[PDB]
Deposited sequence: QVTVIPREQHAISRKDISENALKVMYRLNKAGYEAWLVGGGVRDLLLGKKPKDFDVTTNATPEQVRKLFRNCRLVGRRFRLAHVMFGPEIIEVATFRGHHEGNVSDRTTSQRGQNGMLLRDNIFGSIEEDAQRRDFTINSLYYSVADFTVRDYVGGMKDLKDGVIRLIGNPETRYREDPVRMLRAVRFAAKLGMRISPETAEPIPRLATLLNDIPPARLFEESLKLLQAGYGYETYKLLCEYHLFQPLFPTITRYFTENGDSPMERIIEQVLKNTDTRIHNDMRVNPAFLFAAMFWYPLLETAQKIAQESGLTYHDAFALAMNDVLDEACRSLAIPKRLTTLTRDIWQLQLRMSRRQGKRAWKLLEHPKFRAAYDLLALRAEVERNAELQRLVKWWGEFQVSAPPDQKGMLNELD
């Protein structure tokens, strides 16, 4: 009913707050086609927040669009979606969708959620709401577009996004859009591990991982992704592993909010720590082997388990292992062979994993290794001498 809403009444998504990606819409409008702003920004802008990306949408063949920007630095590849560069600014320019494409209204339906589907045009300063969009955005409601049941089945990932946005923005998930999940959760295991990875970092790294974890668990959507971990929760609720994941997420959340670059390998080596430590002690007694070699074995075990669900890059995995290895050495009350560690490119991680280990296990013996490497890592060579 309320399809087109004008500048004065829409929380002024004030023209001037649009990264000059207007210069790209202009070349479109000034070229016969029409161009719009969708999801990402238009959502945030209308809310109030500082948008985190501007995505334009046009009705120009992904072909015509390629022609109109020969002078421009457009990073090709990939169908429908055309890319354009400036500085630390890249502009997504996707053609509508629907023989394939068609109206701006046809496109508004293939999109996932309501709020993420509001259109803005700089030409008339109006925003088109061909979905609950506006109302939902107002009430703080994440609502899936078509028939939940059907869409989820078509692309199970949508279940994850539905919960992610729900935790990222501070709103509740739509009723008819929430029911299906607990059931269909299982449906993710049919997804390339390559992807469940990509989409997993967008959940926990991204800066809202604590809340997003509170949800991914309360919708059994955590199960499919992290079996190796699910397995160890204690109905109790205070397992030291459980605490570790909660904290490491609150902390990784702080970092991302205070702009501090973060480690993806750290995250995993933190979550999978106790389960690793468990499979370590298990193979120890069940095969009377030496601890250092039992643990060294367990690493391979836990990884190809997780790796089975989340395709983790061989890159990140190497580090992880190291972040763990150091958890051994760093305890052995070492001597003049410690400088060697203080130097490891991973000492920082390893340390911060020991910061936590001592924090959650409220173990005084461990918390000593930390108060020690605490001094020894910031000390100066003279004192660092004596210390050893």
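**Student:** Since the structure holds only modelled residues, which stretches of the deposited sequence does it leave out?
**Tutor:** Those stretches are 99-121, 412-415, listed in order.
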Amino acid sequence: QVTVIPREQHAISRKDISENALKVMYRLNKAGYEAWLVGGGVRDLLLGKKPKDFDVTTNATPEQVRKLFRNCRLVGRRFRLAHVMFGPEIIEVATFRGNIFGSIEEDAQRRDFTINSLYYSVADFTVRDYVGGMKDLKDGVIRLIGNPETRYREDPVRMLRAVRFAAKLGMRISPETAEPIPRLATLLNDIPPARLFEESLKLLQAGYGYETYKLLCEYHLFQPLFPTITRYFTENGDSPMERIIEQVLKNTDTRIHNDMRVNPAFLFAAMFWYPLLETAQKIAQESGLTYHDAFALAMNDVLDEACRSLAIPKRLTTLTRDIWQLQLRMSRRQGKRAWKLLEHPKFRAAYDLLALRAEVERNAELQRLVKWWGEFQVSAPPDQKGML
From here on, numbers count along this sequence of modelled residues.
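**Student:** When the Cα temperature factors in the entry are averaged, is it 273-281 or 166-174 that ends up higher?
**Tutor:** Going by the record's values, the stretch with the higher mean is 273-281.
**Student:** Test of understanding: from the entry's C-alpha B-factors, which stretch has the higher mean, 33-41 or 326-334?
**Tutor:** Taking the mean B-factor of the alpha carbons in each, 326-334 is higher.
**Student:** Would you mind finding, among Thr212, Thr252, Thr290, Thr186, the residue with the largest C-alpha temperature factor in the entry?
**Tutor:** It is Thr290.
**Student:** Out of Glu179, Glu218, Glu242, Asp107, which one has a C-alpha B factor higher than all the others in the entry?
**Tutor:** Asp107 has the highest C-alpha B-factor of those listed.
**Student:** Check where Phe69 lands among this chain's C-alpha B-factors and tell me if it's the lowest, middle or highest third.
**Tutor:** According to the entry, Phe69 has a C-alpha B-factor in the chain's highest third.
**Student:** Lowest, middle or highest third: which one holds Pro148 when the chain's residues are ordered by CA B-factor from the entry?
**Tutor:** Within its chain, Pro148 is a middle-third residue by C-alpha B-factor, going by the deposited values.
**Student:** Hey, what third does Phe125 fall into on Cα B-factor, ranked over its chain?
**Tutor:** CA B-factor rank for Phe125: middle third.
**Student:** Where does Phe233 sit by CA temperature factor within its chain: lowest, middle or highest third?
**Tutor:** CA B-factor rank for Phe233: middle third.
**Student:** Is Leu28 in the lowest, middle or highest third of its chain when residues are ranked by C-alpha B-factor?
**Tutor:** For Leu28, whose C-alpha B-factor we compare with every modelled residue in the chain, the answer is the highest third.
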